[PDB]
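Q: The amino acid sequence is not available; the structure is as follows:
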Ligand SMILES: [Mg+2]
């Protein structure tokens, strides 16, 4: 958020941070499993799935 | 007449339910279903629906109550009609 | 003149009468009871069976055949579609409706009470289960009612007489379809007093 | 290719998908409808 | 302005809650905050929903 | 307005009839996409 | 017959036109639709000439110039579409930016 809001505000462009936050929220929908008992113990899945 | 839906939304507090409700009521008044509750003023059916919504004369609850009343009168007439067709 | 040797309430005779009224052609109707059928019938039909039609040189039993002959000779209004696949499906339905549910009417009447009411429950659940079908198209898989309705609506007419009544949901579409056909004027003009007592 | 050799199955769960196939988007005015639909499913 | 409060915040004096748990900061709330010296407010964010 | 080869004419007839309603069906371009996927070795199909 | 009438443009079709336009909003969209104000619904005023007359206050939204830029008009058909246009995409609802 800070690093992109800086680019945007150097040009005087207002954006609420909610939007960057949701883009990030999408950027990390995946998770790699460590311990298990129902999953393959080593793969990347949806954090909503886990 | 109509320029904004702010108060209509104030009634049905969604602006997404408002569209669905107004479309229901307007399709009612447009195909041969019903007749306005607010005096029509050479307005089209959708704007009339909105004008009704604003007055608190239409919402989802009102429409469902009216619909069940309609179905029950339908049942009454239809049973009487089958009985008549019998004899 | 074409003469029909109708049964008083024989659903077969009912269908034949319905299609006759549908084509709406004049005919010397003759009610017959299976005890002492008229001599002429036994002179013509070796099976001595009703319903049965004559057309001045031609005699037919087996209501299915009769309806086919009528629809083939008296076109307007059509009661079977053009598409041989559609015709085939309608013939299959005409057969299956019979094979499955006429042999349930036959339990409820000509069988014991236990069989009667078990089959009543079975039939009832069948009709209620397929009720959503009529809920889409006006008639039984059509837009215009056809010979499948000539097969179906009679049995549906005698439903109170079989003491079979309806649940909540299935009754909705059942009655919709009923008043659809129960209102159809050919249905009425085909009816007799022997039948209305049932409904 | 990958989806084929995996035999994937696409519940449509989304905006792009529901637009492709051309039906009511599950957002906004469509939301209501879609809700009701998934209630009709997972049930009778 | 517009976020909602992940947890009630207190004045420079402690335990003197001036806006409770989640409460959408409108212009009135933001002004009341700037009246005090609120330094850092925790806030519910989508990335943590 | 674009693709449903049958819905679009139903819509026209409704419009001239004073009844503004729509039957969605399925866009023809989507059927084309299906056929072009199936024409690879890939079996894609609607499910129910 | 009606097709022939509107081809003749008999002076009755203009009255009928003013009638079917009455409350029917239309969508206006400018070429590079960057954000959601790039499409807004308006109520049409029947106008001579061949140029679409656009309110000045919305120009900045469309990022429009009157130096040759063209806009596209679409007509929502169903009742639901007209109500969406009036309630969601009407110009008088988009006064604050969602950014
Ligand atoms: Mg320009």
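A: Great, that's in hand. Numbering: from 1, shown residues only, chains lettered A, B, ... in the order given.
Q: got a list of what the residue in chain A that chain E sits nearest to touches?
A: Of all residues in chain A, residue A:25 sits closest to chain E, at 4.6 Å by CB to the nearest CB. In this view, the C-beta of every residue, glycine as well, is placed from N, C-alpha and C. When contacts are counted by CB atoms under 8 Å, 6 or more residues apart in numbering or on different chains, residue A:25 touches E:46, E:47, E:49.
Q: most surrounded residue in the residues you listed?
A: Most neighbours among the contacts of residue A:25, by other CB atoms under 10 Å in any protein chain shown: residue E:47, with 15 neighbours.
Q: Please enumerate the helices of chain E.
A: E:27-35 (DSSP state H).
Q: Might you enumerate the residues of it proximal to chain D?
A: Within chain E, not a single residue sits near chain D (CB under 8 Å from any CB of the partner chain).
Q: Report the contact partners of the closest residue to residue G:94 other than its chain neighbours.
A: Spatial nearest neighbour of residue G:94, excluding adjacent residues (CB to CB, 6 or more residues apart in numbering or on different chains): residue G:37 at 5.5 Å. Each residue near residue G:37 by CB under 8 Å, 6+ apart is listed here: G:58, G:61, G:62, G:94, G:97.
Q: Closest to chain D out of the residues you listed?
A: Among the contacts of residue G:37, and counting by CB to the nearest CB, the member closest to chain D is residue G:94, at 14.6 Å.
Q: Please point out which parts of stretch B:22-32 sit buried.
A: For stretch B:22-32, burial by neighbour count (16 or more other CB atoms under 10 Å in any protein chain shown) applies to B:22, B:23, B:24, B:25, B:26, B:27, B:28, B:29, B:30.
Q: ditto for stretch B:45-61
A: Applying 16+ other CB under 10 Å to stretch B:45-61 flags B:45, B:46, B:47, B:48, B:49, B:50, B:51, B:52, B:53, B:54, B:58, B:59 as buried.
Q: Turn these into JSON lines, including secondary structure and distance to chain G.
A: As requested, the buried residues of stretch B:45-61 are exported to JSON lines (DSSP: H, G, I helix; E, B strand; the rest coil; distance: CB to the nearest CB, whole Å):
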{"residue": "B:45", "secondary structure": "helix", "distance to chain G": "7"}
{"residue": "B:46", "secondary structure": "helix", "distance to chain G": "5"}
{"residue": "B:47", "secondary structure": "helix", "distance to chain G": "5"}
{"residue": "B:48", "secondary structure": "helix", "distance to chain G": "9"}
{"residue": "B:49", "secondary structure": "helix", "distance to chain G": "8"}
{"residue": "B:50", "secondary structure": "helix", "distance to chain G": "7"}
{"residue": "B:51", "secondary structure": "helix", "distance to chain G": "11"}
{"residue": "B:52", "secondary structure": "helix", "distance to chain G": "13"}
{"residue": "B:53", "secondary structure": "helix", "distance to chain G": "10"}
{"residue": "B:54", "secondary structure": "helix", "distance to chain G": "12"}
{"residue": "B:58", "secondary structure": "coil", "distance to chain G": "13"}
{"residue": "B:59", "secondary structure": "coil", "distance to chain G": "15"}
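Q: want to try CSV for these, with distance to residue C:154 as columns?
A: CSV is the format used below for those (distance: CB to CB, whole Å):
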residue, distance to residue C:154
B:45, 44
B:46, 48
B:47, 52
B:48, 48
B:49, 46
B:50, 51
B:51, 52
B:52, 48
B:53, 50
B:54, 55
B:58, 46
B:59, 47
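Q: Nearest to residue B:37, out of the residues you listed: which one, please.
A: residue B:52 (5.0 Å; CB to CB).
Q: Let me know the distance separating that closest one from chain F.
A: 18 Å (CB to the nearest CB, to the nearest Å).
Q: Give me the spatial nearest neighbour of that residue, chain neighbours excluded.
A: residue B:58 (4.4 Å).
Q: Could you pull out the helices in chain A for me?
A: A:2-10, A:17-27.
Q: who touches residue A:21 in this structure?
A: Going by CB under 8 Å, 6+ apart, residue A:21 touches A:1, E:45, E:46, E:47.
Q: how about stretch C:89-108: buried residues?
A: Buried-residue list, stretch C:89-108, by 16+ other CB under 10 Å: C:90, C:93, C:94, C:98, C:101, C:104, C:105, C:107, C:108.
Q: so how far is that stretch off the chain centroid?
A: Remark: stretch C:89-108 is offset 10 Å from the chain centroid, using CA atoms, centre = their mean, to the nearest Å.
Q: Just the endpoints, please. Distance across it?
A: End-to-end distance for stretch C:89-108, by CA to CA, to the nearest Å: 28 Å.
Q: and what of stretch C:71-89?
A: Terminal-residue distance, stretch C:71-89 (CA to CA): 16 Å.
Q: List the buried residues for it?
A: For stretch C:71-89, by 16+ other CB under 10 Å, it's C:71, C:74, C:79, C:80.
Q: how about these in CSV, adding secondary structure and distance to residue C:199?
A: Output for these, formatted as CSV (DSSP: H, G, I helix; E, B strand; the rest coil; distance: CB to CB, whole Å):
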residue, secondary structure, distance to residue C:199
C:71, helix, 26
C:74, coil, 28
C:79, coil, 23
C:80, coil, 27
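Q: among those residues, which two are most distant?
A: The distance between the two most remote of the buried residues of stretch C:71-89 (CB to CB) is 12.2 Å, for C:74 and C:80.
Q: list the contacts for residue G:63?
A: By CB under 8 Å, 6+ apart, the neighbours of residue G:63 are G:30, G:34.
Q: Revised request: answer the last question for residue B:3.
A: With CB under 8 Å, 6+ apart, residue B:3 has these contacts: residue G:92.
Q: what's the spacing between whichever residue of chain D sits closest to chain C and chain E?
A: Distances between chain D and chain C by CB to the nearest CB are smallest at residue D:44, namely 9.2 Å. Applying CB to the nearest CB, the value for residue D:44 to chain E is 32 Å.
Q: burial measure for that residue, as a count.
A: If you count neighbours by other CB under 10 Å, residue D:44 ends up with 6.
Q: cool, and residue C:44?
A: If we define neighbours as other CB under 10 Å, then residue C:44 has 14 of them.
Q: and residue 35, how many neighbours?
A: Picking chain A for this. For residue A:35, using other CB under 10 Å, the count is 6.
Q: sorry, should have said chain F
A: 10.
Q: Check residue B:35 too.
A: With neighbours defined by other CB under 10 Å, the count for residue B:35 comes to 8.
Q: cool, residue F:11 as well?
A: Neighbourhood size, residue F:11 [other CB under 10 Å]: 18.
Q: I'd guess it is in a helix, am I close?
A: Yes: according to DSSP: H, G, I helix; E, B strand; the rest coil, residue F:11 belongs to a helix.
Q: Please determine how far the residue sitting nearest the centre point of chain G is located from chain B.
A: Closest residue to the average C-alpha location of chain G: residue G:26 at 3.5 Å, with CA atoms, centre = their mean. Distance of residue G:26 to chain B, computed by CB to the nearest CB: 14 Å.
Q: Which residues does that residue form beta bridges with?
A: residue G:42 (DSSP bridges).
Q: which parts of chain A sit against chain G?
A: A:14, A:15, A:16, A:19.
Q: Out of those residues, list just those in strands.
A: Within the residues of chain A next to chain G, no residue falls in strands by DSSP state E.
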